[PDB]
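Consider the single chain below, provided in structure tokens and representing the form deposited in one PDB entry.
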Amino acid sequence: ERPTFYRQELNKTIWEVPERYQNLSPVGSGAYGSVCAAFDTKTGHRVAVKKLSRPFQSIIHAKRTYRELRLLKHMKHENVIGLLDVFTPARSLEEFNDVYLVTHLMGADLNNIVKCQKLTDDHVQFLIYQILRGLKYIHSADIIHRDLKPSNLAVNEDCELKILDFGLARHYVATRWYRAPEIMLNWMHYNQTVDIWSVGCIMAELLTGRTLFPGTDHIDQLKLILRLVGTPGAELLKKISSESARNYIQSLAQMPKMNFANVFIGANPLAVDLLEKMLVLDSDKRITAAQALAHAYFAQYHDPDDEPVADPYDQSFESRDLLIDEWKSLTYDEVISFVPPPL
């Protein structure tokens, strides 16, 4: 099945890729690997080609690499980025060293959209709907994105949206601004609704044009958050695992939850009502993606027969204890077994 490869050095990084990919132009990015925009002559579409930043440096990196690949190969949903292709110029396992992932090619992200025009309440409806539709699918596979924010959301001319860059790390500022407090402060073993918290922060911002919790640091942010949603009640406190975390919380002057209708004056009442449900401090009380889709706010888009769940996602690999080479060989097998999407 092997295609013909051609190598070239760009921004002084050697890129050896199949000839189907042409006109590679460096579209940047740090320590996770570098990425080039390119023309996919097989599909006639534009794509992003990422050369992986030393995937097998250590056991930890070999495993991160395996985790990303497994994740990307499984994601098949209109609102989530999938793997268009994956390859290595390597001819055998023995010489396997570089890994390339081909996908999307993000025209603009949500921020870019907000920058070039004023969104109407209809735009916000459709956009958040798609985020939740994509989230429903993700969550149904016991997957937590963990890092939703405007920059990780691609949007096109027809307002179609896809979720990108899943947080994959077994571990002032933007990312923290859309994070649920329990994660940000390491309060407990958190659940899928942390993503719902992010959606809340995103939607609020889209409606008012202002970031919701732009704290300069973890404490400043917690204070902005607690100001809106009130302080932790006893029910939540018993759920907070860290003894210090609870102690700190009990040092805080209690605060009642605010009335969101007073915070978001002039926005669709259905929207304000959905925010109320998403921005709940107790993760066990937040609305889920599936539930959010059936909320009155999305009446004009909701379609229960067109909001698919995902196939079973096996993550038992997370508990395996293997050598760098076993994670490497495992990764290789995943590259070899990759099947391209239709047409």
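In case it trips you up, residue 1 is the first one in the sequence shown, and so on. Under this definition, the rigid core comprises the largest set of C-alpha atoms superposing within 1.5 Å between the forms.
The discussion below concerns the form deposited with a small molecule bound, not included here.
Asks: Would you check, heavy atoms only and a 4.5 Å threshold, whether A310 touches the small molecule in the bound PDB entry?
Replies: Residue-level check for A310: no, no contact with the small molecule.
Asks: Taking the small molecule as it sits in the bound PDB entry, is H295 near enough to touch it, meaning that at least one heavy atom pair lies within 4.5 angstroms?
Replies: Residue-level check for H295: no, no contact with the small molecule.
Asks: Taking heavy atoms only, is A290 within 4.5 angstroms of the small molecule in the bound PDB entry?
Replies: Contact check for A290: no, nothing within 4.5 Å of the small molecule in the bound PDB entry.
Asks: Is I131 part of the interface with the small molecule in the bound PDB entry - any heavy atom within 4.5 Å?
Replies: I131 lies outside the contact set for the small molecule.
Asks: Taking the rigid core as reference, does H104 move its C-alpha 2 Å or further between the shown form and the other one?
Replies: The answer is yes; the displacement is at least 2 Å.
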